[PDB]
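Read-outs: derived from the displayed coordinates by stated rules, not from any lab. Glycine also receives a Cβ, built like all others from the backbone with ideal geometry; neighbour counts cover every protein chain displayed.
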Amino acid sequence: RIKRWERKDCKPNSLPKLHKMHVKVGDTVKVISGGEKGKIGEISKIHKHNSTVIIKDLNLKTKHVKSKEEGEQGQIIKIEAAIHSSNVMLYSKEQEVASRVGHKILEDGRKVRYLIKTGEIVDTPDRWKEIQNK
Amino acid sequence: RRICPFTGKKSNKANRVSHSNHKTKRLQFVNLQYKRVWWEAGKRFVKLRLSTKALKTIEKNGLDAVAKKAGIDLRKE
Amino acid sequence: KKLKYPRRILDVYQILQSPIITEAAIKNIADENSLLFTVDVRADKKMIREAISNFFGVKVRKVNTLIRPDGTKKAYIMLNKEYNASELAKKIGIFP
Amino acid sequence: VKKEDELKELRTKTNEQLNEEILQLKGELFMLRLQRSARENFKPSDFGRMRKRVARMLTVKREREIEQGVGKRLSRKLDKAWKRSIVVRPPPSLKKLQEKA
RNA sequence: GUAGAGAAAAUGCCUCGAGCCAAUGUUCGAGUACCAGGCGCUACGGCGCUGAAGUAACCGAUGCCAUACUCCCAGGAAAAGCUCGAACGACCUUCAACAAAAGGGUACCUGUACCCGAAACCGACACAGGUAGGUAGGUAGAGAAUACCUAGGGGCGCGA
RNA sequence: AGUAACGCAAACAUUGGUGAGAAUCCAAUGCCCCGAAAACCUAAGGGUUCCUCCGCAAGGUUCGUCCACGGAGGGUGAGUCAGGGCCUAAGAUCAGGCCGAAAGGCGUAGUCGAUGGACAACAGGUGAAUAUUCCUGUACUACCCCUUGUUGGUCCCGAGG
RNA sequence: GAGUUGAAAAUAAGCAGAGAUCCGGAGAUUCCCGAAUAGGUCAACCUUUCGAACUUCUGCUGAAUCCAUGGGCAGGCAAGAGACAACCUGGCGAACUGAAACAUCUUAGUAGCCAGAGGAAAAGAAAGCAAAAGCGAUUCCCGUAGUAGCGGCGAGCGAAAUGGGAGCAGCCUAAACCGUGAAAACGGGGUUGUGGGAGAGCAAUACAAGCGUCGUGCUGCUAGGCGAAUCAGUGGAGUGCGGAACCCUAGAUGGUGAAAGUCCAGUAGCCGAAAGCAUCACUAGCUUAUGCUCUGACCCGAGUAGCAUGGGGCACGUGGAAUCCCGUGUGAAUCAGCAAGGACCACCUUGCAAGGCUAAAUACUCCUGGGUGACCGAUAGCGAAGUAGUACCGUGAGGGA
Ligand SMILES: [Mg+2]
Ligand SMILES: [Mg+2]
Ligand SMILES: [Mg+2]
Ligand SMILES: [Mg+2]
Ligand SMILES: [Mg+2]
Ligand SMILES: [Mg+2]
Ligand SMILES: [Mg+2]
Ligand SMILES: [Mg+2]
Ligand SMILES: [Mg+2]
Ligand SMILES: [Mg+2]
Ligand SMILES: [Mg+2]
Ligand SMILES: [Mg+2]
Ligand SMILES: [Mg+2]
Ligand SMILES: [Mg+2]
Ligand SMILES: [Mg+2]
Ligand SMILES: [Mg+2]
Ligand SMILES: [Mg+2]
Ligand SMILES: [Mg+2]
Ligand SMILES: [Mg+2]
Ligand SMILES: [Mg+2]
Ligand SMILES: [Mg+2]
Ligand SMILES: [Mg+2]
Ligand SMILES: [Mg+2]
Ligand SMILES: [Mg+2]
Ligand SMILES: [Mg+2]
Ligand SMILES: [Mg+2]
Ligand SMILES: [Mg+2]
Ligand SMILES: [Mg+2]
Ligand SMILES: [Mg+2]
Ligand SMILES: [Mg+2]
Ligand SMILES: [Mg+2]
Ligand SMILES: [Mg+2]
Ligand SMILES: [Mg+2]
Ligand SMILES: [Mg+2]
Ligand SMILES: [Mg+2]
Ligand SMILES: [Mg+2]
Ligand SMILES: [Mg+2]
Ligand SMILES: [Mg+2]
Ligand SMILES: [Mg+2]
Ligand SMILES: [Mg+2]
Ligand SMILES: [Mg+2]
Ligand SMILES: [Mg+2]
Ligand SMILES: [Mg+2]
Ligand SMILES: [Mg+2]
Ligand SMILES: [Mg+2]
Ligand SMILES: [Mg+2]
Ligand SMILES: [Mg+2]
Ligand SMILES: [Mg+2]
Ligand SMILES: [Mg+2]
Ligand SMILES: [Mg+2]
Ligand SMILES: [Mg+2]
Ligand SMILES: [Mg+2]
Ligand SMILES: [Mg+2]
Ligand SMILES: [Mg+2]
Ligand SMILES: [Mg+2]
Ligand SMILES: [Mg+2]
Ligand SMILES: [Mg+2]
Ligand SMILES: [Mg+2]
Ligand SMILES: [Mg+2]
Ligand SMILES: [Mg+2]
Ligand SMILES: [Mg+2]
Ligand SMILES: [Mg+2]
Ligand SMILES: [Mg+2]
Ligand SMILES: [Mg+2]
Ligand SMILES: [Mg+2]
Ligand SMILES: [Mg+2]
Ligand SMILES: [Mg+2]
Ligand SMILES: [Mg+2]
Ligand SMILES: [Mg+2]
Ligand SMILES: [Mg+2]
Ligand SMILES: [Mg+2]
Ligand SMILES: [Mg+2]
Ligand SMILES: [Mg+2]
Ligand SMILES: [Mg+2]
Ligand SMILES: [Mg+2]
Ligand SMILES: [Mg+2]
Ligand SMILES: [Mg+2]
Ligand SMILES: [Mg+2]
Ligand SMILES: [Mg+2]
Ligand SMILES: [Mg+2]
Ligand SMILES: [Mg+2]
Ligand SMILES: [Mg+2]
Ligand SMILES: [Mg+2]
Ligand SMILES: [Mg+2]
Ligand SMILES: [Mg+2]
Ligand SMILES: [Mg+2]
Ligand SMILES: [Mg+2]
Ligand SMILES: [Mg+2]
Ligand SMILES: [Mg+2]
Ligand SMILES: [Mg+2]
Ligand SMILES: [Mg+2]
Ligand SMILES: [Mg+2]
Ligand SMILES: [Mg+2]
Ligand SMILES: [Mg+2]
Ligand SMILES: [Mg+2]
Ligand SMILES: [Mg+2]
Ligand SMILES: [Mg+2]
Ligand SMILES: [Mg+2]
Ligand SMILES: [Mg+2]
Ligand SMILES: [Mg+2]
Ligand SMILES: [Mg+2]
Ligand SMILES: [Mg+2]
Ligand SMILES: [Mg+2]
Ligand SMILES: [Mg+2]
Ligand SMILES: [Mg+2]
Ligand SMILES: [Mg+2]
């Protein structure tokens, strides 16, 4: 499968080298580049080696699956393919605008993310607990 | 080895030359003897190999001076 | 005279690695009342006899070791005639 | 929060208690190894939990020994000693429940 | 048994002993073992069931006694276990050690498959070759030669 | 050049079977060859080639349903058999010791070193692949345990063997 | 600061905002082989009375032999031992080759081999250069100079002083003498050269300078964080094109479906260290210290210098052959001396051998971190962009895709 040189880069201690990227899992984003350009969605899975994200209704690909179990029954399934994290911008549903993202400090002793075209804060205090229970 | 303990002499590396000028590797050796020497302060002999210059120096300065400069204990000898 | 040194220094809890369950072993249980255990290579017979005699609380007749071509010691433990094999078979989860 | 708890618990015990504890744990580890091969359902996570628990225990043990002022060589001698005197006892955990049954 | 510095030994003197040796043989082991056949099933591969007689003579080893003899010159390993034993030295000592005939108990590692007059080792090959040792049936034959056979194994990895 | 060759002049034959496919794989019946081996076993070596199920790309001088080939899963059980826990030969290393520009060379006690000394097990059965190893019979070594009998035993040393 | 349990999916279970996985500092564990080190061995095993063998260390014990030596016993986290590309020092030390042959000479004190230590090593504080004028330890670069010379006067080899730079740094000890002993030792004194010190008297005394546990200090390194500015159209995808905008203490770089200052990670700029490391300052303390006069009687590194021989090395091949260093043998002088100044002698000048130690400038790349490249782009670049020192070949050293 994997082209032998396209495998995961490594540190001396054998662990893969992760790209640090600007988005988390529960986020809503809009897609700037690609054929999926303009569409809005929310993020499902994220791979921190390739730096690629997967979004539920976007980048659908038609995959043939052969299930041979005592009969021959095939399936035509539509899956979602990863799309590069640098093709998406964080989207504000409220003023309905996609922006870049800065960091800011909250008086709680906290560090969070905000959109710089509004000043709307992104991260909610229980966000992780909101997604874990899903 | 061919060495004197006391004066620390070495064999010396020297050419034998001919009348025809043709040089040759050769060794000149320390003149060594197996001597018993008298040690007065131990009231006894000591068996050694010695250069003869050592023997001289032992006549001149006494055995203990020589051995102490050379760091060799006459008891362990 | 002195403390009895065990042939090597091992840690007994690691020596019996596992029961070997295949068609072969099970009928050895049936016939011979003998369990089959993959054990540490560095481990001996006296150590296996104490280990299993204390662990499952059974008196053991005789032990026979083996070394696979893969370097993994394999031990036949044939128990006494008193303690049935199939007993320990249901106790361990080996089902004849 | 289990790690911190368990360590506080550990650092407060005595030496003999630690030893004994260690032994019991290693035995449970054994019985676990038996279940794996028996193909009786169990928890993969358990090997990790236990093995690492043992780690933590030994760590603490050696750490105290360092304060006592003992070297590597003395350590390893007393270790051969203690591994010599080890006798297997059946794991209190699951073997005692087949002694009762 | 004695004698010499002399326990045992060696050596010298005295004494007691007619038997001794060892393959093999008899008996137990050993029979409700094994086995010709017989009965029944056939997944027709193999299987369950019951079992008669089980002695004698003549050939005869290169094997055994056997380092047994006889002869020869070229004159044919060491050390431990083993048997015996005072002085010297060291260490250990009483329910401790040693000595015995029964009885019960107890049981260290490593090899172990397969091939090995070879398609598996050694020859670059699934190569007309090399490779220590053991076992040695029948008829003819002086014979381990030869010819034809048993047990067992094969019909040579291109055919027509 | 679709040429030489296909590795002895022991020899194959037919009927079935499996299979998409058989001169070549399986079985039966004949015939033929070896039989001081072309038989059975063990040393060394090889290293999983052994057994079962699947496969037929490459390997196999043709074929191929087959294989010492490829894939998966198994298989080697010892107080007595062979080595080690015993002893030494040739030879090796060699404390101290002797010598040597250095590395090292010689060499004593010691310690290694079997192809030799010492030392205890056989019959039958099971058996996809192990058996003097597993099972049933009778055995035998070495330790420990008790009873009894003695009081010194152990090593170093002296000897017979 | 959010998801995670290597490459590496899948499955099974966990661990996780009371902070996981992850990154950095300090510790812990570390089977068996290997210096290998309890004894043995056919490396990765065996046997064991469980032992770091042996050599140094501390203690107890005490052969032949009185003191001793040797040996025995014990203590001890116990000093060493091994590994290490090139560079370096020391030891052994070639030959092909050049000379159009070859032997002196050259190659070359090169390679190789052995031993040794360091981040550099070695050398180094004038018994030195020079020439009648002067310098002021060593090393390295430029130059003098292919000059003086050496040489079967053939092949060839080949300086130095003046001059310019880099870089700078000077110190301990022996002896006379005074203390303690029977010694051998220990303690003070004492270290220099157009002479010093010991000896005998009289003055000055406080600053200066050098070394350094402990510790907040300063800085840097080892994790990090904050970080400006864009939209739509164009045929798979736009960073390109046409058209509009903006940032810049940031237009380094890598990625992104297609070439991006403005999409991502970043860059400038600016913040950050509980722990360890490093250079620096400070740091109690420890060190030292001057001045003059008289005295040729006392010292100033002995089997040494030199001499005779045999060599070696110095650019210098025995030459008129100094200086330097060694075998054999002889063998001085102490400052009214001794050595050097290219045989040797006189005179003058310069210096003080036979005891040590010392940083920098210089050499190097198995490497680490940054940077650049008129460097390669799968026959190239490392032998190796996949099992690469692998497969395979060789008894082995070794070869090697
Ligand atoms: Mg692919
Ligand atoms: Mg079996
Ligand atoms: Mg182990
Ligand atoms: Mg075995
Ligand atoms: Mg006698
Ligand atoms: Mg007598
Ligand atoms: Mg007699
Ligand atoms: Mg007869
Ligand atoms: Mg004969
Ligand atoms: Mg024969
Ligand atoms: Mg005879
Ligand atoms: Mg006695
Ligand atoms: Mg007796
Ligand atoms: Mg077998
Ligand atoms: Mg066999
Ligand atoms: Mg063939
Ligand atoms: Mg052949
Ligand atoms: Mg053959
Ligand atoms: Mg015959
Ligand atoms: Mg005839
Ligand atoms: Mg006949
Ligand atoms: Mg014949
Ligand atoms: Mg036949
Ligand atoms: Mg034909
Ligand atoms: Mg052609
Ligand atoms: Mg033709
Ligand atoms: Mg023709
Ligand atoms: Mg033809
Ligand atoms: Mg041919
Ligand atoms: Mg053929
Ligand atoms: Mg025939
Ligand atoms: Mg055959
Ligand atoms: Mg066979
Ligand atoms: Mg064999
Ligand atoms: Mg294979
Ligand atoms: Mg087969
Ligand atoms: Mg094929
Ligand atoms: Mg074919
Ligand atoms: Mg078929
Ligand atoms: Mg196969
Ligand atoms: Mg010998
Ligand atoms: Mg030797
Ligand atoms: Mg020696
Ligand atoms: Mg010897
Ligand atoms: Mg041996
Ligand atoms: Mg033998
Ligand atoms: Mg035997
Ligand atoms: Mg034996
Ligand atoms: Mg077989
Ligand atoms: Mg049998
Ligand atoms: Mg048996
Ligand atoms: Mg029987
Ligand atoms: Mg017996
Ligand atoms: Mg004897
Ligand atoms: Mg580690
Ligand atoms: Mg060892
Ligand atoms: Mg060794
Ligand atoms: Mg004493
Ligand atoms: Mg005495
Ligand atoms: Mg002594
Ligand atoms: Mg000691
Ligand atoms: Mg070293
Ligand atoms: Mg070395
Ligand atoms: Mg080093
Ligand atoms: Mg020449
Ligand atoms: Mg020549
Ligand atoms: Mg020439
Ligand atoms: Mg020429
Ligand atoms: Mg430097
Ligand atoms: Mg130096
Ligand atoms: Mg100076
Ligand atoms: Mg000076
Ligand atoms: Mg200059
Ligand atoms: Mg300057
Ligand atoms: Mg200067
Ligand atoms: Mg002083
Ligand atoms: Mg002067
Ligand atoms: Mg003067
Ligand atoms: Mg004075
Ligand atoms: Mg940022
Ligand atoms: Mg930005
Ligand atoms: Mg655009
Ligand atoms: Mg544009
Ligand atoms: Mg993009
Ligand atoms: Mg894109
Ligand atoms: Mg760019
Ligand atoms: Mg920066
Ligand atoms: Mg004077
Ligand atoms: Mg001289
Ligand atoms: Mg003369
Ligand atoms: Mg001279
Ligand atoms: Mg010369
Ligand atoms: Mg000269
Ligand atoms: Mg001079
Ligand atoms: Mg000069
Ligand atoms: Mg001179
Ligand atoms: Mg010299
Ligand atoms: Mg003088
Ligand atoms: Mg001078
Ligand atoms: Mg002087
Ligand atoms: Mg001189
Ligand atoms: Mg000097
Ligand atoms: Mg020096
Ligand atoms: Mg290519
Ligand atoms: Mg290449
Ligand atoms: Mg190409």
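Here are a few things to note about the model shown:
- Filtering region C:75-96 to residues that are away from chain D (no Cβ under 14 Å) and small (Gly, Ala, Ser) leaves C:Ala75, C:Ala85, C:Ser86.
- Pairs linking a residue in region A:35-63 that is over 22 Å from A:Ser99 (Cα atoms) to a residue that is part of a loop (DSSP other than H, G, I, E, B) and of a type in the set (D, E, K, R), with Cβ atoms under 6 Å and 6 or more positions apart or on different chains, are A:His49/A:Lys8.
- From the list C:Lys74, C:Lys45, C:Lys62, the lone residue that is basic (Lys, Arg) and farther than 25 Å from D:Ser85 by Cα is C:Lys74.
- Meets criteria (within 16 Å of ligand 84 (Cβ to nearest atom), under 23 Å from A:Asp123 (Cβ atoms) and part of a loop (DSSP other than H, G, I, E, B)) for A:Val53: no
Results for (1) of a type in the set (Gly, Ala, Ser); (2) more than 19 Å from D:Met31 (Cα to Cα); (3) part of a helix (DSSP H, G or I), shown as yes or no for each residue.
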{"position": "C:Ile48", "(1), (2), (3)": "no, no, yes"}
{"position": "C:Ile52", "(1), (2), (3)": "no, no, yes"}
{"position": "C:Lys59", "(1), (2), (3)": "no, yes, no"}
{"position": "C:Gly71", "(1), (2), (3)": "yes, yes, no"}
{"position": "C:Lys74", "(1), (2), (3)": "no, no, no"}
{"position": "C:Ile77", "(1), (2), (3)": "no, no, no"}
{"position": "C:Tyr83", "(1), (2), (3)": "no, yes, no"}
{"position": "C:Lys91", "(1), (2), (3)": "no, no, yes"}
{"position": "C:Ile94", "(1), (2), (3)": "no, no, no"}
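- Filtering A:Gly34, A:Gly26 for residues that are out of contact with any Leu (no Cβ under 6 Å at 6 or more places or on another chain), in a loop (DSSP other than H, G, I, E, B) and within 16 Å of ligand 85 (Cβ to nearest atom) leaves a single hit, A:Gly34.
- Selection count, region D:54-99, where residues are among the charged types (D, E, K, R) and within 15 Å of D:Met31 (Cβ to Cβ): 4
- Residues (part of a loop (DSSP other than H, G, I, E, B), more than 7 Å from chain D (Cβ to nearest Cβ) and more than 14 Å from C:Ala75 (Cα to Cα)) located in region C:7-26: C:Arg7, C:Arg8, C:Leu10, C:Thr22
This table checks each residue for (1) of a type outside the set (A, V, I, L, M, F, W, C); (2) within 13 Å of chain C (Cβ to nearest Cβ); (3) free of Cβ contacts under 8 Å to residues at least 60 places away in the same chain; (4) part of a helix (DSSP H, G or I).
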residue: D:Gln35; (1), (2), (3), (4): yes, yes, yes, yes
residue: D:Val54; (1), (2), (3), (4): no, yes, yes, yes
residue: D:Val60; (1), (2), (3), (4): no, no, yes, yes
residue: D:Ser75; (1), (2), (3), (4): yes, no, yes, yes
residue: D:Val87; (1), (2), (3), (4): no, yes, yes, no
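- When C:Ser53, C:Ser18, C:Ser86 are screened for being more than 16 Å from ligand 4 (Cβ to nearest atom), over 30 Å from D:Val54 (Cβ atoms), of a type in the set (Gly, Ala, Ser) and surrounded by 13 or more Cβ atoms within 10 Å (Cβ to Cβ), only C:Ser86 passes.
- Residue count, region A:73-124 (criterion: assigned to a loop (DSSP other than H, G, I, E, B), in contact with a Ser or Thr (Cβ under 8 Å, 6 or more places away or on another chain) and farther than 18 Å from A:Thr52 by Cα): 7
- Residues considered: A:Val97, A:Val122. Of these, the only one that is without any contact (Cβ under 8 Å) to a residue 40 or more places away in the chain and among the aliphatic types (A, V, I, L, M) is A:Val97.
- Here region A:32-50 is the region considered, the condition is being surrounded by 14 or more Cβ atoms within 10 Å (Cβ to Cβ) and farther than 25 Å from A:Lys8 by Cα, and the residue that is nearest to ligand 2 (Cβ to nearest atom) is A:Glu42.
- Qualifying positions in region C:49-74 - within 14 Å of chain D (Cβ to nearest Cβ) and of a type in the set (A, V, I, L, M): C:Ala51, C:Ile52, C:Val58, C:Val60
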